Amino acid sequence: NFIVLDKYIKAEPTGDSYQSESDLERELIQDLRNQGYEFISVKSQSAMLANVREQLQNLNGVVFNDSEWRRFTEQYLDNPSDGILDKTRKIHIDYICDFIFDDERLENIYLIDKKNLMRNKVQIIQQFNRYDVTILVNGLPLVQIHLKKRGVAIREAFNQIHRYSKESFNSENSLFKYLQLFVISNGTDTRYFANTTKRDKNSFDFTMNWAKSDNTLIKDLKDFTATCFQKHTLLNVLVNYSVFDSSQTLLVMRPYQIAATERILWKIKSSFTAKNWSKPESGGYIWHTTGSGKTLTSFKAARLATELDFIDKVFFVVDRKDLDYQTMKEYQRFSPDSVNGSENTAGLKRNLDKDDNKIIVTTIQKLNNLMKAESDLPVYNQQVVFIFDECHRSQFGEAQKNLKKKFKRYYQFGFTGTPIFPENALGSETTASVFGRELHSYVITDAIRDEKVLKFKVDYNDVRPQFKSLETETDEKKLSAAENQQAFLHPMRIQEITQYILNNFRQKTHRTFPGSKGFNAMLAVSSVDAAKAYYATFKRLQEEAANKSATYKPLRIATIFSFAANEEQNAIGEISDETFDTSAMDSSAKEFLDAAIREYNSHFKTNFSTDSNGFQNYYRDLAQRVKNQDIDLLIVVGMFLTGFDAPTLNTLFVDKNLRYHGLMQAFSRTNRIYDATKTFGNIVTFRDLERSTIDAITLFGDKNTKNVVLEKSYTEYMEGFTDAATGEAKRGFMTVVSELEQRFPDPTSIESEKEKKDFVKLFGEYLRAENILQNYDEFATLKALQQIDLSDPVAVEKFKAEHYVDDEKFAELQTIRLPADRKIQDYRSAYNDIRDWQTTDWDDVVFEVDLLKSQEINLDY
């Protein structure tokens, strides 16, 4: 019974008023009642607890006495020391209470029946100005629906609730700590999101629309109720399509993630019933674009496949190059000490012999090595499921041959963001030929439309005339031959590239505002020699800057690299796999790496050795420190470029010849959504990759996909353009600056309620434009210009050579009239003065909360 519908006929409105919260509330309660949700009147936690007692007793076939009920309540159901995370843990992991009754007998008390989902009781209650419907599961408040007036903007509604994170609890409301899901609606638009204490997942960007399997949205509250709020749909979303990970983050899956998972599950059942196993028609493949949640989804799909009573083993297979701190932490819980960068199979052989267990997490490298050496494994004759998460190739081809030869009853599935088509299978087997049919898809154009993945701002930094010919070279033989100190690794090119990165790092990563946290960056390079050259030049130029200024704030730079198997004899599209056996590297490489590791150790007070165990532990710690921004810039060759998840990484500096799938995978390191401060990922290249970018985008889309994936120009954001995909006109920053000065020249004078509303709407566009434009070198150069003031013999230029601007460009730039930095702060404080205060409609008005919050709070020193 698919819960992400193939087809759905839109419901028709009742001729009754549908404008106020009460109107939305009445129809919500009515449709839910029509859909099997008993409406009950509760006006206290005492009445809520009495109802929980009835449901839990009913569900478990037990009757508590008052003493036993009070004891269950205080020790398991509503412990006063329990927070939201404890309740999430109780719903998703510890949902069974081993309860000892007064007669000393043991009873297993379930909060939810997860095997027979429809056995659970579902009820609805209403608020006891804050119009809310709550869905109760066995009396527990698991879903809360916020209803707002039709005119109110859903983003401001959501912002008003997250305004103050002072979510305090008491003995009269502590049952609400059990909430798993929130739904915010205004009638026309309806968005859902997880109840999580993790502020890094609490922005509007993580709110989701319900949808159909073709990924078309279900925005209308009435249609949302008729689909998402069906008992069978909601209970599956809460119990099976919600993840509570090792970091104690609750994640509710998006419709596309649910659509792919149930279609894989259905296909295993189908192929088993029809005895049609061990064929490409037994499994299938999923095309979910890079960064859309493939690693989240496939692992959950694997875990749900273990629940199929007829299945014996479920292999969840990842490429070791995609491993990072968070995924390694997660896999450690299921397959201890067996998912790492080594070639060892001992862990895999041990996990396979574990009884009362079906999940096997391993790498494609370890699975290949096992199938090579072993031929008498009992697993080969068992009913086995394979879930491959982006297992690229190199090792996958060999792995497929032994798999088809040794495994007798299997269903294999693959998840990929960049499939192998014939047009890029000139030295590989296609996704379709390996796996069979495309079970579900969620393409980059769908992800961008949904704001579930960010766009790319891609630019070649053409500011080195001496080296342009090398940097614009298209011949493969010439590019590989130019990997030396006379060509690409020339001290002056490396000094020029590094000096640009040091001067523009803070601009690119939004660290320019004083109290602003900002983002961090990565630098992907051509070779181990390039990695060496850059790390050295960064250290040199940074040591030089610390001498010339005691006010200098250095950046924490790190590097990691190993030996690439096919660096000489390969292609150009696939990023070369690096071994975890450091003893394969040349003496100077190993020497340089140890020197960098010792500097890392001294700074972070760590003791990572040079050996295999040492490097593996260094890889893990490095991944975590780049993700939490302990490291400002990570220098890499081919590592942390295909699976590394870092939502606060926004800039990728590139001095490498990236092509097709490798280009998409690498650029996508910056594509994670965060909040309004992260508008897109910056791609700054020192080799011309404009053609390679368009070729890569077009391969996993069409001729138009580049207009959606790539960000617009500086002139366009300064003067205005019309988005082709949305059909709407976006006002240019200069148009907004002009209107701000004409309509509101105010020294503090402001005006009426109509002017205040008009200003908030205007300055909101300003903040959104200024923040988007921070990512533009042209805008940075323009903003830097507003600083000088001199007369007769004194200090001049410097700006020209640092911004690579001639005397002609510098002449016209002075004519550009921008508002004074104090007037912007006057507008920023005038805007903040209208923060809340408590005619003219303030309904459709949205404040830039995330963009504002980049203020000057407790940075003091």
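For every residue, the number given is its place in the sequence shown, counted from 1.
Student: Check the entry and tell me how many residues of the deposited sequence have no coordinates between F128 and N129: none, 1 to 3, 4 to 9, or 10 or more.
Tutor: In the record, 4 to 9 residues between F128 and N129 lack coordinates.
Student: None, 1 to 3, 4 to 9, or 10 or more: how many residues of the deposited sequence lack coordinates between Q838 and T839?
Tutor: Missing in between: 10 or more residues.
Student: State which stretch shows the higher mean Cα B factor in the entry: 407-415 or 447-455.
Tutor: That would be 407-415.
Student: On mean C-alpha B-factor from the PDB entry, just flag whether 465-473 or 580-588 is the higher one.
Tutor: Comparing averages over the C-alpha atoms only gives 580-588.
Student: Based on the PDB record, which member of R511, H162, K115, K539 exhibits the highest Cα temperature factor?
Tutor: Out of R511, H162, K115, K539, the record gives the largest C-alpha B-factor to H162.
Student: By the entry's C-alpha temperature factors, tell me which of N832, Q30, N60, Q45 sits highest.
Tutor: Of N832, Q30, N60, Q45, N832 has the highest C-alpha B-factor.
Student: Check where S668 lands among this chain's C-alpha B-factors and tell me if it's the lowest, middle or highest third.
Tutor: According to the entry, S668 has a C-alpha B-factor in the chain's lowest third.
Student: Divide the modelled residues of the chain into thirds by Cα B-factor and specify which third, lowest, middle or highest, holds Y804.
Tutor: CA B-factor rank for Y804: highest third.
Student: Quick check on the deposited entry: does the C-alpha B-factor of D826 sit in the lowest, middle or highest third of its chain?
Tutor: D826: CA B-factor falls in the highest third of its chain.
Student: Compared with the other modelled residues in the chain, in which third is the CA B-factor of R70?
Tutor: Lowest third of the chain for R70's C-alpha B-factor.
Student: What third of the chain, by the recorded C-alpha B-factor, contains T498?
Tutor: Ranked within chain, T498 CA B lands in the lowest tercile.
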